[PDB]
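A short write-up of the structure that comes next.
The figures that follow rest on heavy atoms only: side chains count, while hydrogens, waters and symmetry mates do not. Quick note on labels: first sequence line is chain A, next is B, and so on, each numbered from 1. Whatever order the structure lists them in is the order used to number ligands and atoms, beginning at 1.
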Amino acid sequence: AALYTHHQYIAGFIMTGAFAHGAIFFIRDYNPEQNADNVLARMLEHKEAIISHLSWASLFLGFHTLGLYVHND
Amino acid sequence: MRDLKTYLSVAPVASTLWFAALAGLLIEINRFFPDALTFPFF
Amino acid sequence: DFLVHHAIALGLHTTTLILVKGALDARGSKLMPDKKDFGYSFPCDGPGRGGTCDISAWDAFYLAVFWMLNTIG
Amino acid sequence: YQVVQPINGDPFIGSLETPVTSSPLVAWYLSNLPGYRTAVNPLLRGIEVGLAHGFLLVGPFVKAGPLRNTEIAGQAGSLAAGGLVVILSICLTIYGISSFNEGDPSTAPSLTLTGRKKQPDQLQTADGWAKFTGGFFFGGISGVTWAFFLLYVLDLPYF
Amino acid sequence: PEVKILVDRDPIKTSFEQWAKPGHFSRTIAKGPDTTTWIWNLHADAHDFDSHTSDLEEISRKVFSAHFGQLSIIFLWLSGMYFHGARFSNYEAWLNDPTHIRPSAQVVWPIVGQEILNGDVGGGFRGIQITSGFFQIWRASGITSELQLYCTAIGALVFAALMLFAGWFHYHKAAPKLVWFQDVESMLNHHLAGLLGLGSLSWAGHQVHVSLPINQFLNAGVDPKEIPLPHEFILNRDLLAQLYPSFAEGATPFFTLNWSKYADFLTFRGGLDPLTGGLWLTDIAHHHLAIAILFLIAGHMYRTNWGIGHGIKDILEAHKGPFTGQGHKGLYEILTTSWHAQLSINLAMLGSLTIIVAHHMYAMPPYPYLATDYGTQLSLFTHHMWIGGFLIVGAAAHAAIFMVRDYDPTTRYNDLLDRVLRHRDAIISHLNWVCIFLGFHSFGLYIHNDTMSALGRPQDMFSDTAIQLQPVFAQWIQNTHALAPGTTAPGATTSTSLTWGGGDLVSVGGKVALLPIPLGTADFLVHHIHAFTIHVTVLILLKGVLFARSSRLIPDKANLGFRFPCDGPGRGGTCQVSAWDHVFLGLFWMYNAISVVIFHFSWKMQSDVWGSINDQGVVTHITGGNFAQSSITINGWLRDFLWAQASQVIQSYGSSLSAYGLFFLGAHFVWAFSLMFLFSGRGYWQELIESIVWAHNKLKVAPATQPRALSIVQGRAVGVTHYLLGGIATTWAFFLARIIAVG
Amino acid sequence: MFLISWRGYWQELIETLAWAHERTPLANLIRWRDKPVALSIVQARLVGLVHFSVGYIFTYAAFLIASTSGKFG
Amino acid sequence: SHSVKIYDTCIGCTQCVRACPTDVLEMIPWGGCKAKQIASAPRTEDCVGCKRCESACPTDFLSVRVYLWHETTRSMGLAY
Amino acid sequence: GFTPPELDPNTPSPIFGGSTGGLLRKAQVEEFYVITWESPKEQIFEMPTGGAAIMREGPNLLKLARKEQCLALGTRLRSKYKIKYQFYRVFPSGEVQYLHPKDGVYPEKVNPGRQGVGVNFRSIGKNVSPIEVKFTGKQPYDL
Ligand code: CLA
Ligand code: CLA
Ligand code: CLA
Ligand code: CLA
Ligand code: CLA
Ligand code: CLA
Ligand SMILES: CC1=C(/C=C/C(C)=C/C=CC(/C)=C/C=C/C=C(C)/C=C/C=C(C)/C=C/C2=C(C)CCCC2(C)C)C(C)(C)CCC1
Ligand SMILES: CC1=C(C/C=C(\C)CCC[C@H](C)CCC[C@H](C)CCCC(C)C)C(=O)c2ccccc2C1=O
Ligand SMILES: CC1=C(C/C=C(\C)CCC[C@H](C)CCC[C@H](C)CCCC(C)C)C(=O)c2ccccc2C1=O
Ligand code: SF4
């Protein structure tokens, strides 16, 4: 039990750090002109669809999971 | 009368009336067919 | 197991939402189009334009850590 | 008649004159303490302060310590008081080293309450503070030793 | 100079024009909504009359009419109470056998399987047990049948209608003028005498005629339906003469000053009634008579129209000494032109009064069969404690509002307030030191005990068996109280309360009503904890009030207003510098303090007071006196209080108390939900709403009213509201389930 | 604490504390060398998150190890 | 000392100058708009970083930008 | 070009009963500020640090510990009482530095004798990204 909890918490921290450093790269080391129209720039330019659909997925999951739990309770 | 109608359709009042009607409808449906966990008609 | 796995999915999706939103909007958004010039971490942009608390990408990571802890929990 | 007044009549300095702050007996008592004996060698003021504090510290350590019930209560408490005096000496020495330099004058105010010149207190110099802290360490060790000797080593009914 | 009735005719004509326009009061709001933020503002400033206008007369008229509306609401609430007791209650069954039947005055229709909540409460009835204590009030008033309850409900409904009409008429037909509101001497004279004194005399008159003879018959064992009606005791006087002979002479003792002859029903016994477990009604009637005399005299102090009396201005300006300059000069003008000053004073006083009411009400129970109704006692104490705490925090809120808005030394200058504002730094610094010192010594001792226990050194703990911290002063005071009757207060037979001492345990129906409460080391520690929490919350509120206008950080804080988010990230950061934010933090600290107080009360009562008596007189307490030895460590509070007593609530599923478990979990949820608002900022939420709004724009389904994220101050307000609701509700469910299952 | 209460309150409190220390006998002989200030906004968020995480981890580790080891099964 | 910049979109409305609580900004002669005015920041050493100036600028995006930088005793707004 | 007025000691200070919000050690070792105005008549005003003070007839001089305090006091004197004011910065060496209004006319009104400082001739959206100024001491906005 100790080992499993250990490695899961460390993995969560590592994932959160990976995303943090991705954001840091966007801020510091990103060159818009040298990345013109490649996958990275196109990711940046339709960020809103990504964020909105991910928000929809989160809303669906939360709504229905909590609804079922509260119903059973 | 006209202003009574106007205020009676404002967001809060309209929403409360709509939700009271919906609650009553659902309550009656549950009362007639309670403890329904599946759709058996077809 | 079904219900708890869907809770896990909710946690993963919401943490990813916070982190992805913090990253893709790090370079700037409609509320602060010149964010890239203010660095990765900064307090805010003052109370103007409605108020700009927790507008940095560092603050997005900050809010994502809570969700990571919750999901791993 | 009003009791509270602005400092020295200057109402734009952040302070007030009050019976607690500035009453004849209180002013005399405060001026007659070692910390405020400006024209005295810092070593002797440190000696007085250390004696008082070292003698002070013995009581609480001895009575309330983990070995109060044990027969060695006096020894343990006296050793703890001595150790605390040593740590306070360390703190004084590092504070003096960090806050003072040999080549700089005293940072103490040079003016008195009537506006006349006076030699700034040498305690706020580097060597002045060094002498004061050495005197404090010596006096603290002596005070701890005296308080320990006064009890336990000698009966002397108290309480 | 003279006191007279002044009004204005038809100031506002009743109509529906302004109903159709949302937010008529504010011009920009009247124009219409541009963004969703508008909507929130419309509610945030609904009752902020002093901001919609600047005329004192309009503000006063609005305040008077809103008072009438709230009074109507209260009357409607009381009418609902009495009607529910009349129809949907087992009041008569409970009246026949009080200790046997559990009071209940609410049933639930059977719709979705919720009829499980209609539990077996006794008396051939199924419903939801009520802890409001209404049954005891009705029994003490002499109500025996449901016809009387029906009549009271109808009368209360009629009075609610009358209050509503009075509000309408006074705001729209006859609105008093400003000089009428500013007449405080006559107002004080009437409220002291016309309201309090006269009302107490009226209630004493009722108790002499209805409460006493009816409760005497009830305690004699007569069935409630066989008792003569309350009016008979007035028609034929021998009915009263039988119970108390001194009614035979009738009034002549009162006019010949042979008042001793009235000793039959006007006593000074003290203590509790051994049969019902409440205060002697013959003591309460005498209480209200004496109170009526005192208030009718006190309401003759201030001068109105006939020269005799006191001018409040004269009293105020006659007081001043060498330490305060010309103090009290100018306060009369401050307190008669600003409503927020009066509101803050009155809120502080009412909060303190409610707290005192809780203390005195569990100290000596005043209603029959209330002491042994443990659920009622606990619920009443906790409810009054929370109400008082909230009112006290509101006092600070409105003091700060006055300081920001209505304080003006150019026109209304006061000396004491000026001196306070001039040495606020010293005040707050010393208060901060006191807070730190109390926090270290109160909580630090708990941490010390916990650490010693963890290290296997119980001899070093601060306990009754290791290092004792006995509250000698409290013990001495309660000992002096125990010896009081017959020594220092000869006319009293029993001490004021049974918590003082003297033994004489009082029990009813096999349950302990009251007995002496011992004070030990744990009591000392918890009392110092209470002092620490009260001092810290006072620090927060006082610092908010004093530094509302200016400080060394923002020298022009008043120009920003009472409510505002910040002053930017300059000077290192100026987050939460406004007084509203100080109230916002004071709310959290008040919650902390009141939670600890109610926890102490509950555990102490269960451990050392409440319990079951037996044939030999052996008291078995709900908790076997573990408070003295377990409450001195945090681990004991977590284990012997929270963990042990949460079993009742968590198990409630499958029974009539399942609603309490549901509310327990839901309160936990809402509390955790509040942290969402308390920890984040609105910038992130606005940025996310941008993507959401874009997703909506893609489908031509975007709202015209642009959806903005909540304002900073609104985020704080929502966070604190949800935090308080969740915490208070989880404690409510915990207490109710525990005391209903175990009581 | 650091997550709910924010900087301005603490800054004003520290200001009055500095006044008090500077205005008292025998202790004004001791002078600080770095002017006391309230924690920065970003720093306060970081400290609050660190406290949150450390408490989270420590309490869960204690619970898990004690409950599994208490039964050893 | 914080860095305050004025950008050429400024319309010389003067609202930022009215707002500064340390007298950091000014109005100077200029020729690219109707007012012949533009904001200047000659005394940024006294800027406290309140960003009250930005809250007053009506242009979109802002014409006056405050970039918080190295902190001094003047920028930290300390009276002790 | 507008010789700044010289600070004149001996000018009376406003009537004040003392406060705990006054000067501290920073005034003693670093700097403090002085504000002067005229006030046609004696009247009571709100101090920027504590309670209420009374302005003497004729010139008034008040010493504050912060420039922001001086500006708040000047704003209140200018908008409420319609009084002209000027304040200085005083160093422990004995130096005085005229501060405001710097060129005799308040900064709100455009003056033909002012040069532009920190003005960028471009919209805020035309700043280079950080990557272009990386490993150079400059910042993207300083360009
Ligand atoms: C119990 C605590 C709690 C809860 C319930 C939530 C819930 C949520 N968070 Mg949150 N969060 C929390 C704590 C919590 N958080 C804390 C402590 C932090 C650290 C600051 C965060 C930081 C955070 C961030 C940064 C974000 C979220 C987001 C979200 C939402 C994700 C979408 C979703 O799951 O669909 C719905 C989930 C639900 C649980 C449904 C809630 C509504 C139910 C159905 C009740 C309906 C009302 C009901 C009719 C009763 C009304 C009563 C009447 C009086 C009005 C969700 C509503 C993300 C978001 O906004 O999504 C886009 C987001 O970005 N959270
Ligand atoms: C991390 C290392 C550490 C160590 C090795 C100790 C060791 C000790 N602690 Mg301490 N403690 C620590 C951390 C530590 N503590 C921390 C972090 C805290 C804060 C929570 C405390 C809080 C604490 C309290 C409140 C008390 C102790 C006490 C004690 C002593 C109890 C046993 C005893 O009676 O011995 C022998 C008892 C004696 C009285 C002899 C005194 C010890 C020697 C002889 C003193 C000589 C000092 C010497 C001059 C060097 C000065 C320090 C120098 C290295 C800089 C023991 C020597 C108890 C005590 O004894 O009081 C002092 C006690 O009251 N501890
Ligand atoms: C009975 C008919 C009637 C009519 C047609 C009007 C019409 C009007 N009144 Mg008026 N008033 C009335 C009765 C009436 N009033 C009564 C009985 C009172 C005594 C309380 C008042 C006291 C009063 C005041 C003090 C004021 C007005 C004002 C006004 C005008 C502004 C819009 C308005 O009414 O507010 C909005 C309409 C509402 C229905 C708001 C709701 C208010 C009720 C009381 C809420 C109920 C509380 C509820 C139980 C809370 C619990 C919540 C829970 C249900 C979830 C408008 C022309 C205002 C004005 O003239 O501005 C200059 C003004 O300040 N009225
Ligand atoms: C404020 C809370 C508090 C208090 C009152 C105590 C008190 C005590 N602890 Mg303790 N402790 C605490 C918190 C506290 N602890 C915490 C949080 C921890 C960490 C978990 C510990 C861990 C700990 C350990 C391990 C031990 C103790 C021990 C002790 C006892 C002896 C300690 C000692 O001699 O130190 C020194 C005492 C002094 C130097 C006295 C200074 C204070 C003076 C008397 C007051 C000065 C004010 C004065 C009146 C002002 C007037 C001015 C005027 C003259 C001008 C003592 C009764 C020891 C013990 O054996 O317990 C019996 C022990 O070993 N504690
Ligand atoms: C015998 C004289 C008398 C009495 C009994 C009262 C009683 C009351 N006044 Mg009042 N007042 C009086 C004289 C009196 N006043 C005078 C002379 C003035 C002018 C200086 C005022 C000015 C005044 C103001 C400005 C306010 C009150 C308010 C209140 C109520 C306070 C809340 C409360 O405790 O509710 C207790 C509830 C009851 C006792 C229930 C029964 C209520 C009865 C019917 C009240 C009838 C008394 C009334 C004065 C009768 C005259 C009207 C007549 C033409 C029908 C209370 C009912 C406040 C309020 O509006 O109430 C919310 C308030 O704002 N009074
Ligand atoms: C007789 C007591 C009393 C009175 C007459 C007032 C009157 C006033 N207060 Mg005040 N206040 C009080 C007590 C009182 N207060 C107390 C006890 C506190 C401490 C909590 C406060 C704290 C306070 C603050 C912080 C502020 C005021 C403000 C105001 C003014 C505007 C309030 C308003 O309309 O905003 C709008 C009112 C609302 C939007 C209603 C809020 C709804 C609450 C939060 C929900 C309650 C939940 C419910 C109990 C349970 C859940 C039910 C739900 C699930 C359906 C107004 C003159 C404001 C002001 O600016 O002063 C000028 C302001 O900032 N008050
Ligand atoms: C063999 C096999 C299989 C297969 C599978 C597959 C092939 C899949 C997958 C997979 C996957 C699919 C995975 C994944 C993962 C992911 C992740 C983990 C992510 C992420 C993201 C991130 C991390 C980001 C970062 C960043 C950013 C944010 C931007 C900038 C840059 C950077 C990069 C920094 C299975 C198992 C079925 C079964 C058995 C057999
Ligand atoms: C969630 C959240 C928001 C977003 C808050 C929102 C979006 C308010 C949500 C209110 C409701 C849910 C939306 C409005 C509902 C309408 C009345 C439409 C209802 C129609 C049917 C669904 C009934 C903030 O703005 C914020 C600001 C500062 C700190 C924390 C936070 C924060 O946590
Ligand atoms: C308490 C608090 C303060 C005041 C905090 C202060 C003044 C810190 C004082 C702590 C002292 C220095 C002792 C701390 C002891 C630490 C355990 C030591 C850590 C040092 C190293 C080991 C890292 C803020 O300034 C603040 C600012 C913004 C939001 C919230 C807050 C906030 O909550
Ligand atoms: S941030 Fe504040 S102090 Fe600095 S220039 Fe802008 S308005 Fe002036």
Side-chain angles (χ1 to χ4, degrees), chain C residues 43, chain D residues 60-62 64-68 70 72-73 75-91 141, chain E residues 40-51 59 62-63 66-67 70 339-340 343-344 346-348 350-351 387-398 400-402 404-405 447-448 451 460 541 544 561-563 572-573 575-576 578-587 590 670 713-714 716-718 720-722 724-725 728-729, chain F residues 1-11 13-14 17 36-48 50-51:
Chain D
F61 276 108
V62 177
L67 301 192
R68 60 198 179 284
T70 314
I72 51 196
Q75 309 90 315
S78 311
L79 279 178
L84 186 56
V85 159
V86 171
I87 293 167
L88 294 177
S89 304
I90 299 329
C91 286
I141 295 296
Chain E
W40 303 119
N41 299 352
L42 166 74
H43 299 91
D45 289 323
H47 308 156
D48 194 7
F49 304 154
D50 65 293
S51 69
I59 296 160
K62 290 170 163 220
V63 168
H67 288 190
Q70 208 276 328
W339 279 93
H340 292 287
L343 178 47
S344 65
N346 300 3
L347 273 174
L350 206 67
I387 297 297
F390 267 99
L391 294 193
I392 294 182
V393 166
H398 277 297
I401 285 158
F402 154 84
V404 167
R405 281 183 182 178
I447 294 304
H448 163 106
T451 293
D460 298 337
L541 296 177
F562 164 70
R563 207 162 65 210
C575 305
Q576 307 183 357
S578 64
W580 183 98
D581 304 56
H582 282 70
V583 180
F584 157 84
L585 301 168
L587 281 170
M590 176 269 292
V670 169
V713 168
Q714 175 161 5
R716 288 165 195 164
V718 171
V720 64
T721 298
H722 285 237
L724 286 160
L725 180 67
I728 296 171
Chain F
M1 194 195 215
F2 311 90
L3 305 186
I4 294 173
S5 57
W6 287 4
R7 204 191 171 279
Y9 171 99
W10 296 109
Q11 184 59 74
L13 198 63
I14 292 178
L17 285 173
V37 294
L39 306 185
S40 170
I41 304 176
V42 171
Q43 170 179 0
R45 295 190 200 125
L46 171 58
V47 167
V50 162
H51 280 74

Atom 60 (O) of ligand 2 within contact range, any protein heavy atom under 4.0 Å: yes

Sub-4.0 Å heavy-atom contact, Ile14(F) with ligand 9: yes

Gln576(E) side, atom CD; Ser5(F) side, atom OG - distance, nearest 0.5 Å: 7.0 Å

Closest candidate by heavy atom, reference atom 48 (C) of ligand 2, pool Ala80(D), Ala73(D), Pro60(D), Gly83(D): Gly83(D)

For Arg563(E), atoms of ligand 6 separated by under 4.0 Å from a heavy atom: 58 (C), 59 (C), 60 (O), 63 (C), 64 (O)

Closest non-hydrogen atom pair between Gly77(D) and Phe61(D), with its separation: O-CB, 3.5 Å

Heavy-atom protein neighbour under 4.0 angstrom from atom 16 (C) of ligand 9: no

Any N or O of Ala44(E) closer than 3.5 Å to N or O of ligand 6: yes

Region of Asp45(E) engaging ligand 6 - heavy atom pairs below 4.0 Å: neither

Contact atoms of ligand 6, heavy-atom distance to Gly394(E) under 4.0 Å: 12 (C), 16 (C), 17 (C), 18 (C), 19 (C), 21 (C)

Heavy atom of protein closer than 4.0 angstrom to atom 21 (C) of ligand 9: no

Minimum non-hydrogen distance to atom 64 (O) of ligand 2, winning option of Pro66(D), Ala76(D), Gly65(D), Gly82(D): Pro66(D)

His398(E) N/O under 3.5 Å from ligand 6 N/O: yes

Heavy atom of the protein closest to atom 5 (C) of ligand 9 (residue, atom name, distance): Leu39(F) CG, 3.8 Å

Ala38(F) backbone acceptor or donor facing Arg7(F) side chain under 3.5 Å: yes

Any protein heavy atom < 4.0 Å from atom 22 (C) of ligand 6: yes

Chi angles and distances behind the side-chain contact (heavy atoms from CB on, under 4.5 Å) call for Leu585(E), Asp581(E): CA-CA 6 Å; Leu585(E) 301 168; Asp581(E) 304 56; 5.6 Å; no

Heavy-atom protein contact below 4.0 Å for atom 9 (C) of ligand 9: no

Numbering as shown, the atoms of ligand 9 that approach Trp6(F) to under 4.0 Å (heavy-atom distance): 28 (C), 29 (C)

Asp48(E), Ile401(E), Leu391(E), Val583(E): member with heavy atom nearest to atom 28 (C) of ligand 6: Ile401(E)

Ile387(E)/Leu350(E) under side-chain contact (heavy atoms from CB on, under 4.5 Å): CA gap, chis, key distance, verdict: CA-CA 9 Å; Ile387(E) 297 297; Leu350(E) 206 67; over 6 Å; no

Closest to atom 17 (C) of ligand 6 among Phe390(E), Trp339(E), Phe49(E) (heavy-atom distance): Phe390(E)

Protein heavy-atom partner closest to atom 50 (C) of ligand 6 - residue, atom, separation in Å: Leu725(E) CD1, 4.5 Å

Within reach of ligand 6, part of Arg405(E) (heavy-atom separation under 4.0 Å): side chain

Atom 26 (C) of ligand 6 protein-contacted (non-hydrogen atom, under 4.0 angstrom): no

Atom 39 (C) of ligand 2 within contact range, any protein heavy atom under 4.0 Å: yes

Plane angle bin for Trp40(E) and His43(E) - parallel if under 30°, tilted between 30 and 60°, otherwise perpendicular: tilted

Any non-hydrogen protein atom less than 4.0 Å away from atom 57 (C) of ligand 6: yes

Within reach of ligand 9, part of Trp10(F) (heavy-atom separation under 4.0 Å): side chain

Atom indices of ligand 6 within 4.0 angstrom of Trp580(E) heavy atoms, with elements: 25 (C), 64 (O)

Side chain, backbone, both or neither: the part of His43(E) lying under 4.0 Å from ligand 6 by heavy atom: backbone

Donor-acceptor contact below 3.5 Å, side chain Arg716(E) vs main chain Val713(E): no

Over all atoms of both residues, closest heavy-atom pair of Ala579(E) and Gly544(E): CB-O, 3.6 Å

Heavy-atom protein contact below 4.0 Å for atom 27 (C) of ligand 9: yes

Atom 34 (O) of ligand 2: any protein heavy atom closer than 4.0 Å: yes

Within-cutoff protein neighbour (heavy atom, under 4.0 Å) for atom 24 (C) of ligand 9: yes

Any N/O pair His340(E)/ligand 6 closer than 3.5 Å: no

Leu347(E) neighbourhood, listing ligand 6 atoms whose heavy-atom distance to it stays under 4.0 Å: 2 (C), 13 (C)

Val37(F), any N or O under 3.5 Å of ligand 9 N or O: no

Ligand 9 versus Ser5(F): contacting region, heavy-atom distance under 4.0 Å: both

Stepwise side-chain contact (heavy atoms from CB on, under 4.5 Å) test for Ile401(E) and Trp580(E): CA-CA 8 Å; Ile401(E) 285 158; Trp580(E) 183 98; over 6 Å; no

Nearest heavy atoms of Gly573(E) and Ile41(F), plus distance in Å: CA-CD1, 3.8 Å

Closer than 4.0 Å: a protein non-hydrogen atom to atom 32 (C) of ligand 9: yes

Atoms in ligand 6 flagged as close to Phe562(E), the criterion being non-hydrogen separation under 4.0 Å: 64 (O)

Under 3.5 Å donor-acceptor, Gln714(E) side chain and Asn41(E) backbone: no

Sub-4.0 Å protein heavy atom next to atom 3 (C) of ligand 2: no

Heavy-atom protein contact below 4.0 Å for atom 8 (C) of ligand 6: yes

Distance-only N or O hit between ligand 6 and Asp50(E), under 3.5 Å: no

Plane angle bin for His398(E) and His340(E) - parallel if under 30°, tilted between 30 and 60°, otherwise perpendicular: parallel

Any donor-acceptor pair under 3.5 Å from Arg45(F) side chain to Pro43(C) backbone: yes

Nearest-option assignment for atom 55 (C) of ligand 2, heavy atoms, candidates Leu79(D), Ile87(D), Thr451(E), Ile72(D): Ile87(D)

Ligand-side contact atoms (ligand 9) for residue partner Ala38(F), heavy atom cut-off under 4.0 Å: 25 (O)

Shortest protein contact, atom 36 (C) of ligand 2 (heavy atom only): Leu67(D) CD1, 4.9 Å

